[PDB]
Each structure stands twice: as structure tokens, then as C-alpha cells.
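> Chains as they are written, first to last, in the numbering used here: chain V, 162 to 803; chain C, 803 to 914; chain F, 30 to 141; chain R, 38 to 144; chain E, 215 to 335; chain S, 25 to 145. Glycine residues also receive a C-beta, built at the ideal position from the N, C-alpha and C atoms.
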Amino acid sequence: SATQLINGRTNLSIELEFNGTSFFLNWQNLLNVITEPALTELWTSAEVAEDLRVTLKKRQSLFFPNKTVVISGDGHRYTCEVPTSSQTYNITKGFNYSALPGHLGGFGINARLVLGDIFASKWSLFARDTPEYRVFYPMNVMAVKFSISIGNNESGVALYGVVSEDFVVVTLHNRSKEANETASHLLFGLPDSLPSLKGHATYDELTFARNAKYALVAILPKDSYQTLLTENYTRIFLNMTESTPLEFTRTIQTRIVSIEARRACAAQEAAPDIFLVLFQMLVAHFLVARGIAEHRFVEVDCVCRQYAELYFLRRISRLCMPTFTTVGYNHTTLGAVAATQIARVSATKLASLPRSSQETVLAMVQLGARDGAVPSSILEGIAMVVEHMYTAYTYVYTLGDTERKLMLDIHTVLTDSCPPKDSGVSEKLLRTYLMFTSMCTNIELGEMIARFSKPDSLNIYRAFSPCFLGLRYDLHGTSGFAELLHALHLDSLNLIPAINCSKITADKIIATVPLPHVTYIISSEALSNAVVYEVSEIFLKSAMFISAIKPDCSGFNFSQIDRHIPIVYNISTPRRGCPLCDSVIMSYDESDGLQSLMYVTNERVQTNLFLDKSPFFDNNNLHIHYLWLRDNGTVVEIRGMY
Amino acid sequence: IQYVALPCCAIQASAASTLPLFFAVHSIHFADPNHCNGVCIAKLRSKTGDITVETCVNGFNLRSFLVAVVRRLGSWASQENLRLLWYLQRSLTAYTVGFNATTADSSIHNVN
Amino acid sequence: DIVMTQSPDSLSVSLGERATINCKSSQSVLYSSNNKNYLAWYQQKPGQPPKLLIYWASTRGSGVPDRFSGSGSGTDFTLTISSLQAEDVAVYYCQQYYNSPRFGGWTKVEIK
Amino acid sequence: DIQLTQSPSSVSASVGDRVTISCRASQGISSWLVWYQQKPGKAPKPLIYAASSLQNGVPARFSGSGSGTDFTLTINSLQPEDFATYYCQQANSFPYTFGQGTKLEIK
Amino acid sequence: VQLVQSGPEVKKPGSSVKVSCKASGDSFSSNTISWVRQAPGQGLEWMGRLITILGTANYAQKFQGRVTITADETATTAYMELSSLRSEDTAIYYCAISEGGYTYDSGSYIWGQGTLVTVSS
Amino acid sequence: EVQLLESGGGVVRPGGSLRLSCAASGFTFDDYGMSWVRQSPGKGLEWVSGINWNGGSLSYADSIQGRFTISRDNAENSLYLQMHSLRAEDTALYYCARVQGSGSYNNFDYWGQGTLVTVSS
């Protein structure tokens with residue numbers, strides 16, 4: 162009756178009447194290799210007895226290219242393997258991760274294990290509802306599903322992308338307000354394995370570009386409103402297959418910040434460029450996955466570096482798209498490897514290493530802390546790494562090119578970090594935030610305000626600054642990524658309310674100076690917890706109020722108000738021992754507000770502020786006024802350009 | 803002396819329930835291009851009881867379904883399956899480069 | 030995609046005299062990740078298949094006599110024979126593995 | 038500030054036996070405690086760090102345990118080289134401190 | 215095992231000493247230096263520690279203003295300087311390396327042979 | 025060491041098919057991939073196709089892209105190459121290599137004895 166025994170035949174035979182040869186197809190082969198419900202679904206989806214005129218119309222609706230342009234191909238090398246030595250390890254079932262030597266990840270792991278780690282969730286694409294029905298046959302794809310679902314107000318193209326080890330699919334569902342759809346599909350991958358088309362289309366006609374390995378397919382109907390059809394797919398394939406991995410990531414990054422340049426990282430009328438950018442992202446992920454898949458033993462260091470690059474790409478893309486979603490990826494074995502590798506780095510060892518082995522460990526931390534589980538030992542390591550690079554920086558007060566990348570890595574490590582348990586670790590992190598806000602000077606702020614105004618040649622991976630980790634709040638065509646990167650720590654600064662009792666609105670707060678057992682709030686407005694200090698020199702239109710609240714939620718120990726500027730020449734270039742330490746120094750001007758802040762931790766610092774190459778002691782104006790602060794809630798003004 | 807009765811057929815817009823599902827088809831009979839004047843035929847031979855109901859049916863979709871199944875099983879494939887796929891692809895390409903609106907009406911071969 | 034313009038294609042030097050063989054790839058075979066030179070040198074004298082001589086344009090292959098020594102970096106390479114022997118006579122090739130493999134031309138040593 | 042004590046102050050363990058030295062603190066020091074073994078005059082030879090992880094070269098005959106405020110050095114087997122005046126040093130706070138020294142000798 | 219330090223000294227009370235500790239193996243910038251003194255017949259007493267990556271040092275309360283631990287530029291020698299050596303200060307001074315956190319030394323600990331500083335008149 | 029021996033050589037008709045079957049031995053087949061390199065008598069050498077350790081990622085030449093299918097099974101020690109609709113100038117001495125590493129292509133460390141095919145009439 163039903164399907165269970167309808168196949169009493171031994172096999173199915175395909176026959177050609179004009180040729181005296183018989184073709185065969187053993188029935189059990191289809192039943193085992195592909196599932197029975199998939200087989201019946203495939204037969205039903207074919208529309209076997211559909212009228213020829215309907216298939217003709219479906220043929221005319223599509224748009225076809227000129228020819229399958231073939232190029233020398235094979236691209237570049239995205240692959241990295243072990244450097245011809247014995248550091249390779251085969252994780253059998255649960256091989257103990259404490260047996261992995263070293264603290265730099267120079268060893269190698271199984272490539273197939275990490276492959277299954279990236280692709281671990283099955284999917285059933287080309288469902289009965291989606292317009293993938295008419296184009297593609299239904300298929301089961303285990304992949305990392307993306308999503309850029311952008312709206313629902315009769316706008317909102319659903320760009321549900323897919324990244325598999327063999328192919329990349331991306332779609333441009335125009336849900337609109339009716340049943341009809343404009344399903345602009347883009348495919349990229351091995352031409353041999355691809356989602357089979359219906360009877361009204363073929364790859365031999367639709368393959369826009371070809372390589373020795375990779376083919377790009379553009380299955381997009383013509384009658385629909387697609388201005389995107391006026392572009393050279395050959396140029397896209399050249400830009401996507403011939404550049405080095407670093408150049409490809411750079412081009413994706415610059416395209417994304419260009420989308421930021423206009424309102425396209427939030428709007429709808431620029432849907433096709435977002436669609437193409439998402440496609441480029443998916444094929445970059447596919448290229449990385451294929452490069453890892455090519456070998457069988459892969460180096461953890463290079464893998465983690467590539468993962469950090471892809472992570473940063475996903476972060477910036479989510480920074481445009483709040484709705485950006487990425488599901489189905491489970492970096493479990495790599496996470497355990499990184500955890501047990503970085504559980505053997507003491508806080509001193511991390512600071513002692515050179516700035517080429519401080520990036521690898523922190524990339525492992527990034528990989529292992531997607532959930533906010535960074536160990537406190539690594540938090541102290543970050544603390545004294547920032548201390549070391551601060552002491553290096555305090556000599557000439559210029560910033561290089563390895564330290565900014567390292568600082569970006571620690572920024573994204575701390576951003577996706579949950580609050581720790583020990584209060585001392587939180588205090589140390591708060592100290593390092595103070596060190597970063599002392600790092601962000603007027604010149605550095607000028608570099609950022611002038612630098613991000615030109616996204617055409619911008620590259621975030623090198624355009625970083627300590628202001629993207631500092632406690633300064635005065636962030637005030639052009640890219641709007643300043644606050645977009647500031648919020649990644651501002652909303653997740655361990656215990657976000659550094660202020661505890663006098664809860665005041667954070668609208669006109671310029672600075673927070675969190676010294677040990679005292680907190681300073683610099684704002685043009687004022688709090689109501691205790692007395693404040695106000696500058697008498699207010700002849701211009703500005704307000705500068707500073708309050709000193711205790712972390713123990715208590716008022717001032719002394720009620721004396723200044724309301725004046727004490728002028729004295731005291732405390733010149735200090736003596737030996739430790740006269741000034743664990744303190745901060747302000748710098749403000751009557752024409753710009755707050756200029757800079759400085760934190761001192763060791764003798765080298767206060768010996769080093771008084772250099773001619775320091776940002777301070779410059780002749781911009783006749784009148785600059787410094788401030789003296791220490792960790793007991795008193796303000797004494799310093800006058801004198803010595 | 804049996805082969806197929808008429809390689810040229812005509813489709814009628816009433817063969818919905820007459821589709822016997824993929825598992826009742828004893829054979830599928832194609833046609834070479836320009837042998838039925840650009841008309842795609844499938845002539846499935848599905849036995850019901852003892853009567854083999856021969857059915858005129860669209861060819862593009864059946865060929866593409868065959869391509870789909872062979873490609874999906876291509877992980878575990880066979881050489882005869884490989885040249886079957888080669889036949890299917892070459893015949894489909896020959897048909898689509900020979901496909902036009904004037905040949906898109908199979909009803910002109912209905913037996914009078 | 031990347032080819033080798035191997036010159037000179039025919040050189041002759043006396044016994045024991047330093048021999049210089051060049052190889053020029055179109056674009057760089059230097060991999061910026063490993064900071065390595067992906068290129069190899071092979072010796073074929075007619076009769077039996079070639080033999081490896083250089084691993085990464087610097088590293089010396091296993092079982093090779095010590096006279097040969099790789100050099101160069103990027104788009105310039107050189108297989109310098111410290112001393113040339115009677116049994117040394119052969120032809121040489123250079124290949125890459127950055128992109129798809131693409132062997133070079135030919136260069137046969139000769140004895141005056 | 039931080040203060041520790043050791044008990045017992047004297048052990049007449051002969052050889053090849055089990056000896057326990059308790060090191061009781063007065064606050065919480067997590068598990069950062071270092072056991073030493075200093076013969077007279079010579080430098081101390083630290084044995085266990087993190088109160089449970091053996092130092093390099095140190096024989097497995099030493100095994101420590103405990104955390105928070107109670108720690109312990111259960112030496113499984115005894116050799117005359119082991120015989121010395123031990124010290125448990127907290128490695129958790131400032132003004133670090135040692136124990137008064139378990140005076141362990143032969144019976 | 216063990217490090218290298220200066221020799222034994224006997225010195226007039228009221229003077230200063232410069233007992234030094236040698237790096238036995240890798241460089242000293244990786245670890246932190248703790249100086250521990252032990253009077254004869256007594257238990258050891260922690261004096262001070264120094265995180266040499268920053269150069270910051272912190273010592274106990276009794277030895278405030280007397281013991282000053284500093285690191286050489288090359289990060290291979292530790293210079294402990296004890297000012298105004300006053301009467302009872304005889305001790306077999308020891309230097310201990312320790313690689314660890316910001317305020318707690320967890321990882322490593324190895325000790326030098328220790329110089330025998332004596333007061334004799 | 026490792027010796028690679030090919031089989032199936034002979035003379036073929038223009039526009040045909042043929043099986044090239046290299047039979048590797050003496051080493052773990054799975055870890056290292058293999059490749060094909062033809063030796064036209066006038067020229068000296070040219071690479072053809074390549075398969076990785078498992079057989080998923082396949083690399084192919086340019087002028088012959090599409091006509092060739094390389095298939096290598098990890099379990100049974102064998103590497104096979106099929107050519108379809110080969111032209112007249114595809115006559116050479118075909119060689120199977122022992123590509124170092126796990127990628128589809130790399131420096132080749134042992135080369136086979138070799139068998140030659142020809143397209144004649």
C-alpha cells in the first residue's frame with residue numbers, strides 16, 4: 162500500500178529510446194545513502210507533472226551571465242600547519258589537557274576536531290515556505306547560520322546566510338507585505354557539491370566566475386527590483402580570491418567602516434551593499450575553514466590568531482547590526498585547550514614576554530572567554546602588562562604599532578568579561594582603567610578625531626588608542642565608531658557603578674578618577690553626597706565641578722571648603738625615596754575643559770613626566786593651570802611652569 | 803518490439819493524482835533533443851494493478867530531480883551513476899540551448 | 030598563476046668550478062605567516078625520476094650531497110654548487126607551493 | 038598582621054613513617070602556602086607551592102593539602118635528608134610570615 | 215638548586231651593607247625578588263619583595279627605611295642594601311625568586327646560599 | 025624507504041578514458057597526500073592534480089581543469105586519476121609523488137618509477 166513495500170522491484174531503470182543501451186539504478190542505494198523522507202520530499206518538490214509553460218516562465222524570470230570566466234585560480238594560502246616537528250597531539254576521547262606543554266600554543270591539534278567544532282549544528286534549509294523552494298532543492302546543511310534580519314515594518318530583508326565547509330549561501334528575502342518574494346541568492350564554493358537547482362536553471366549557465374577550485378553563482382531573478390545587477394561579478398571574484406588573507410580582512414573591515422560612513426549600517430535603502438558585504442564575510446569564513454580543513458594537524462597559535470581576526474570582523478559587523486546573529490558554532494576543544502594553556506601563565510610571565518608572545522596568549526584568552534570566564538590571574542597579567550607598557554610609554558610619550566594591536570586585544574578580552582569574584586582583582590582592573598584614561602591625552606584624542614573622519618584609508622586594527630579603554634567621557638562622511646567602541650567597556654566595566662551611593666545621571670560627567678579608597682567625579686554638574694571644589698576662574702562660559710566620594714559610602718572627613726586658588730611654588734622636582742606615588746595629576750585649560758590626566762606607580766614615572774618630550778609643559782597659551790591630587794580627598798592647586 | 807508507444811506526447815493539466823510518487827515508477831523514458839521538436843517528455847511507466855499507465859510529463863523538472871539525487875548521493879557514488887549524471891547534464895544543456903516559447907507547448911502531439 | 034623564468038637554460042663550467050643556477054617566480058612565494066620561502070629545487074638526469082634538493086629555499090634536503098646549497102628569498106633563488114663533479118651532470122627545476130605548483134623551465138649543466 | 042602557627046612543635050619520627058604538620062592561620066590566605074625544609078645553617082629548600090603542587094626535583098614523598106585557614110604537610114615517607122626544621126610561609130598577603138618552625142628530629 | 219651571592223662579612227655597627235644575589239639561569243625580569251633574613255637559632259623573617267617588571271618594591275613594617283631592594287639594569291643581579299646596621303642584625307641572609315601575581319607569590323621559589331652577615335668587635 | 029609504482033599505462037585513442045593507478049606502500053598513507061606530474065619527452069615536467077590527506081579539497085591545473093578527476097582512498101593504498109576527452113598533446117610520462125605534509129600540494133620528496141601514456145592513431 163504505502164511506501165514501506167511499494168518498491169517490490171529489484172531496481173529502477175532509465176531508458177533512452179533512440180539508443181539501444183539500458184541504464185540502471187539500484188533501488189536500495191538511494192534509500193540508504195539519502196533518507197526516505199528526503200527522497201519523498203525530493204520527488205514532491207520536483208513538480209514532476211508541472212506544465213512546461215510554467216517552467217518556461219520560471220526560466221525567463223531569471224537573469225543569466227555571458228560565460229563562466231575561468232582564471233588561473235587556486236587563490237592564496239590560508240592554511241597553516243605544524244613547523245615540521247613533533248608538537249602534534251591526537252585528542253582521542255578526553256585526553257587530559259594538563260599534558261599540553263608550553264604557554265604559547267606552539268603545539269598542534271587535530272584539524273578535523275576543530276572542523277567539527279566550528280560546524281556542529283544541523284539545519285534543514287530550503288523549507289516548504291521559503292522562496293528557496295522554487296530555486297533550490299531541499300537539503301540538510303550542517304553549518305554556522307548567520308542572520309542580519311533588518312526590519313519588520315514591511316521592510317526588513319531577511320539575509321539569512323549560511324557557511325558550510327563546502328559552500329556558502331546567502332539570501333535577500335524581500336518579505337515586504339505580500340506572498341511574492343525577490344529571493345536573490347548568492348552561492349560560493351566547490352562547483353561539484355552545491356544545492357541542486359530545479360528544472361528551470363543550471364549551473365553551467367549560472368556560474369558567473371570560475372577558478373581551479375572555487376565557483377561563484379548568482380541566482381537572482383531579473384524581473385525583481387535589483388539595481389545590484391549592474392556590477393562586475395568578475396571584479397568581486399578577483400578581489401575575493403587573489404588577495405592575501407590579511408588583505409581580504411582589511412578590505413572587509415574598510416567596507417564595513419564605509420557602511421558606517423553613511424547610515425547604511427542601520428538603514429534599508431542600502432540593502433544590496435549590506436548583502437554583498439555579508440557575502441564577503443561568509444566566504445572569508447569559508448576560506449578559513451577550508452584552509453584549516455586542508456591539513457590534518459593545525460597549529461593552535463595561527464588558528465587562534467585567525468579566530469581573533471574573524472571574531473573582530475563579527476564584532477564590528479554586530480556594531481553596525483544589533484540584530485546580527487551567529488549560531489551553530491561550538492569552539493569546545495579549542496576553548497578547553499586555551500583554558501588549560503593559559504592557566505600556566507603567571508601574571509609576571511605575561512608582562513615579561515615580548516610583544517609578539519603577548520598577542521598569542523591574549524588571543525587564546527579571547528577564544529576561551531567568549532562567555533566572560535577570563536581567569537583573575539590573567540586579569541592581573543593584563544594589569545601589569547599595561548603597567549609595563551605604560552612605563553615604556555612614559556619615556557617619549559609616543560605610541561607604536563604592536564602596543565596598539567595588543568591594547569585592542571585586551572580591550573576585546575575585557576569587553577566580553579563577566580565581573581570577577583575577588584574585590585582586589587576588580588580594584589586592580591579599575592586601577593588599569595585609571596592608567597588607560599591617563600594614557601589618553603589631548604594629542605591622542607586629536608589623533609582619533611582626525612583619524613576616524615577618513616574611513617577610506619582607515620584600518621581599525623592599527624587605528625586603536627587608549628581612549629577606547631579609558632575612563633574619559635568627552636568623546637566629542639565621518640565614522641561614528643568612537644562611542645560604538647567606548648560602550649563595549651562602559652557598560653561592562655566589571656562592577657559598572659564605580660559610584661555606589663550618590664547615583665547621578667551620567668550626562669555631563671567628563672572624568673572619573675578611581676584612586677584607592679577614594680573616587681573623584683569631574684563633571685560640569687554636581688553631585689549631592691558631600692562638598693565639592695569649584696574653580697574661581699570662571700570668567701568664560703564653562704563649569705568645572707569635582708567631588709570626592711568614598712567607596713565605603715561615607716561623607717567627607719573634613720568640611721573645609723576652598724572656593725579659591727592657592728598659589729605657591731612648592732614641591733619642585735622631588736627627592737629620592739617615594740615622595741609622590743599612587744596619586745594622580747590633572748591638567749585643565751580655560752578654553753577646552755579637561756586636557757589630560759596622569760597616574761604614577763613607580764619612581765620612573767615621576768622622574769619621567771619632567772621631560773621636554775612630554776605632552777605637558779608646552780607654550781600653547783600663556784595661562785595653563787595644573788592640579789595636585791592625592792588619595793585622601795584634598796585639592797591643592799599648583800602654579801608654575803618649571 | 804515494445805520500446806515506448808509514442809516518444810512524442812502531450813501534457814494535460816489534469817495529471818495531478820496520476821503522479822505515482824517516486825517509488826511506483828518502473829522506468830523513465832526521455833527523448834533526445836529535436837526529436838520531438840524541442841518538446842520535453844518523460845513518459846513514466848507506473849504499473850497500477852496490471853495496467854502500466856504511461857504518463858506524459860515535464861522533462862526539465864524530472865531531469866533536475868535526477869541530478870539532485872545523484873549529486874546528493876555523490877559522496878557515495880558509482881561510475882555508472884557518474885556517466886548517468888554526465889548524460890543528464892549534457893541532455894539538459896542541449897535542451898535549454900534549444901528551448902524557446904514556440905517549443906513550450908507539448909499539446910500539439912496529442913493523438914487525434 | 031606564478032611561473033618560473035629559469036635562466037640560463039644551458040651553462041657549462043669546468044670541473045670543480047662554482048655553478049650558479051637561478052630561478053625567478055612571478056610573485057612572492059614568501060608566506061607572511063610562517064615567514065618562510067615556499068620553493069624547492071629538483072635534479073633530474075635523464076633516465077630516472079627527479080630528486081629533491083632544497084626544502085624552503087634555505088633548508089637542505091635529506092640525503093643530498095653537501096655541495097649544493099639553497100639561497101635567495103622572495104622572487105630570487107639560487108642553487109649554488111660548491112664544486113661540480115662528473116656525476117653531477119643533470120637538469121634542474123624549481124617549483125613553488127604557495128599557489129598551485131608550477132615548475133620552472135630547464136637548465137642542463139655541461140662539461141667543457 | 039597575618040599570623041600563622043605550626044603544630045606539633047616536636048616530632049620523634051624515626052624513619053619510614055607518617056608525619057603531619059598543621060599550619061593554622063588566623064585569616065584566609067586562599068591556598069598560597071609554601072612548605073620549607075631548612076637544616077641548620079644551610080638555606081631553606083622549598084618543597085610545595087600552592088600548598089598542593091610539588092616543586093621541581095622535590096620527591097613525591099611530600100604531599101601537602103588544605104586551604105583557607107587549615108593546611109597540612111603529610112610527609113608519606115621519611116629520609117634523614119628530610120629531617121630538618123620546616124616552615125610554612127603564607128604567600129597571600131603583605132608582611133609575609135613564616136611559622137615558628139616544627140622542630141622535628143630523630144627519637 | 216641554589217643561587218650565588220656575595221661572601222660573608224663582619225662590619226662595624228652603624229654602617230651599610232650591599233649583599234647581592236646572582237641570577238642562576240634565565241634573566242631576572244621574569245620573576246620577583248624576596249629577601250629573607252634569619253638570625254642564628256631563630257626562624258626566618260620576611261623583609262621585602264620587589265616586582266622587577268615595574269621596579270616597585272614593598273617591605274615589612276620593622277625594616278621600613280632600612281632595607282632597600284633594587285634591581286640592576288640588565289636584570290641579572292639583585293642589590294639588597296641595609297642601612298644603619300644596628301647591633302642585632304647578624305643573619306644568614308637569603309634571596310628567593312618567585313614568579314607570581316601582583317601581591318602574592320604562587321609559582322616558583324628557589325633560594326640562594328645566603329651570606330653570613332656578622333657583628334663582631 | 026618508500027617506493028611508488030604506477031600501473032595501467034598504454035596507448036589510448038583520441039578523446040577517451042584511462043585509469044592511472046599509483047600504489048603507494050612502505051609508509052602511512054593517510055598523513056601525506058599525493059600528486060600527479062607528467063613528463064612530456066620534449067619538455068621536462070609539469071604538475072597535473074593534487075589530493076589532500078582525506079580527499080575533500082582537490083587542487084587542479086588550469087588547461088586541464090574539469091577533464092581530470094583524481095580519487096584517492098585513505099583505507100586501501102591506492103591513488104587513481106581519470107582523464108576525460110583528453111586531447112592529442114596530452115602525451116607524457118606520468119608520475120605519482122609523495123607530497124610532504126597534509127596539504128594538496130607541497131615539495132615532493134619521493135617520486136614514482138613512472139608509466140607513460142600516449143594519444144596516437
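Contact defined as beta carbons within less than 8 Å: I believe S/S31 pairs with S/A47. What is the distance between those atoms, to the nearest angstrom?
The pair is a contact, with the Cβ atoms about 7 Å apart (cut-off 8 Å).
> Determine the contact status of R/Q40 and R/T106, defining contact as a CB-CB distance below 8 Å.
It is not a contact, given that the beta carbons lie outside the stated cut-off.
> From the DSSP output, which residues share a beta bridge with E/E259?
The partner list for E/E259 (beta bridge, DSSP) reads E/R251.
> Please tell me whether R/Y123 and R/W72 are closer than 8 Å, where the distance is taken between their beta carbons.
Their beta carbons are under 8 Å apart, which means R/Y123 touches R/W72 by this criterion.
> Pull up the distance between the alpha-carbon of S/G125 and that of R/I66, whole angstroms please.
Using only the alpha carbons, I get a separation of about 51 Å.
> Any contact between the segment 233-247 of chain V and the segment 52-68 of chain F? By contact I mean 3 or more CB pairs, one from each, below 8 Å.
Yes, since at least three Cβ pairs between the segment 233-247 of chain V and the segment 52-68 of chain F fall closer than 8 Å, the two stretches touch.
> Is the number of C-beta pairs between the segment 683-697 of chain V and the segment 656-675 of chain V that are closer than 8 Å three or more?
Because the criterion of three Cβ pairs below 8 Å is met, the segment 683-697 of chain V and the segment 656-675 of chain V touch.
> Return no unless some Cβ of chain V is closer than 8 Å to the Cβ of E/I247.
Not closer than 8 Å to any Cβ of chain V, the Cβ of E/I247 fails to qualify, so no.
> Taking the CB atoms as reference points, tell me whether F/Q72 and F/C52 lie closer together than 8 Å.
Not closer than 8 Å, so no.
> Note the first and the last residue of the continuous beta strand (DSSP E) segment covering E/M294.
Residues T291 to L296.
> Could you tell me the boundaries of the alpha helix (DSSP H) in which V/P198 lies?
Note, V/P198: alpha helix (DSSP H), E197 to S206.
> Between the beta-carbon of V/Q502 and the beta-carbon of V/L274, is there less than 8 Å?
No, the Cβ-Cβ distance between V/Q502 and V/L274 is not below 8 Å.
> Distance, Cα to Cα, V/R170 vs V/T182?
Their backbone Cα atoms lie some 20 Å apart in a straight line.
> Between which two residues does the beta strand (DSSP E) harbouring C/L890 extend?
No beta strand (DSSP E) contains C/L890, which is instead part of the alpha helix (DSSP H) from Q881 to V899.
> Does the beta-carbon distance from R/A128 to E/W325 come in below 8 Å?
No. Outside cutoff.
> Residues of chain S with CB closer than 8 Å to the CB of V/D235, please, in chain order.
Those are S83, listed as they occur along chain S.
> Starting from the beta carbon of V/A210, find every residue of chain C whose beta carbon is closer than 8 Å, and list them in chain order.
Those are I813, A817, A818, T820, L821, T857, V859 and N860, listed as they occur along chain C.
> To be precise: take each residue of the segment 33-46 of chain S, compare its Cβ to all Cβ atoms of chain V, and keep it if any distance is under 9 Å. Which residues remain?
Cβ contacts with chain V come from no residue of the segment 33-46 of chain S.
> If the criterion is Cβ atoms closer than 8 Å, does the pair R/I112 and R/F120 meet it?
No, these two residues do not count as a Cβ contact at 8 Å.
> Less than 8 Å between the C-beta atoms of C/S866 and V/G350, yes or no?
No, these two residues do not count as a Cβ contact at 8 Å.
> Beta carbons nearer than 9 Å to chain V: which residues of the segment 48-76 of chain F have them?
Here the close residues are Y60, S61, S62, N63, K65 and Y67.
> Out of curiosity, what's the CA-to-CA distance linking V/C714 and V/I660?
Answer to the nearest angstrom: the Cα atoms are 9 Å apart.
> Would F/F97 and F/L68 be called neighbours here (beta carbons separated by less than 8 Å)?
No; because the gap between Cβ atoms is not below 8 Å, this pair is not in contact.
> For a contact meaning CB atoms closer than 8 Å, what does E/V331 contact in chain R?
By Cβ distance, chain R contributes nothing, its closest Cβ being about 14 Å from E/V331, past 8 Å.
> Determine the closest residue to V/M802 out of V/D617, V/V745, V/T332 and V/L788, with distance taken between C-alpha atoms.
Minimum Cα distance to V/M802 is reached at V/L788.
> Looking at the structure shown, is R/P96 part of a helix, part of a strand, or coil, going by DSSP?
Coil.
> Can you give me the Cβ contacts of V/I728 inside the same chain, cut-off strictly under 6 Å, excluding the 5 residues immediately before and after it?
Cβ within range, chain order: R800.
> Anything in the segment 297-326 of chain E with a Cβ closer than 8 Å to a Cβ of chain V? List those residues in chain order, please.
Cβ contacts with chain V: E313, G314, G315, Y316, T317, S320 and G321.
> Put S/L44 into one of helix, strand or coil per three-state DSSP.
Correct three-state label for S/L44: strand.
> Output, in chain order, the set of chain V residues within a Cβ distance shorter than 8 Å of S/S59.
None at all; the shortest Cβ gap to chain V is about 13 Å.
> Is V/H549 closer than 8 Å to E/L268 when the C-beta atoms are compared?
Yes, they are a contact pair.
> Can you name, in chain order, every residue of its own chain whose Cβ lies under 6 Å from the Cβ of C/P822, other than the five neighbours on each side?
Contacts found: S848.
> Whole-angstrom Cβ separation of residue 173 of chain E and E/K232, contact assumed at under 8 Å?
Since the first residue of chain E shown is 215 and the last is 335, residue 173 of chain E is not available in this structure.
> Here's the rule: buried if 16 or more other CB atoms are within 10 angstroms of the residue's CB, otherwise exposed. What is V/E403?
The residue is buried, with at least 16 neighbouring Cβ atoms inside 10 Å.
> Alpha carbons only, please: which of V/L437, V/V745 and V/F778 is nearest the one belonging to V/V797?
The candidate whose alpha carbon is nearest that of V/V797 is V/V745.
> Quick test of your reading: residue 155 of chain V and V/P356, contact by CB under 8 Å. State the CB separation rounded to the nearest angstrom.
Missing from the structure shown is residue 155 of chain V; chain V here goes from 162 to 803 and no further.
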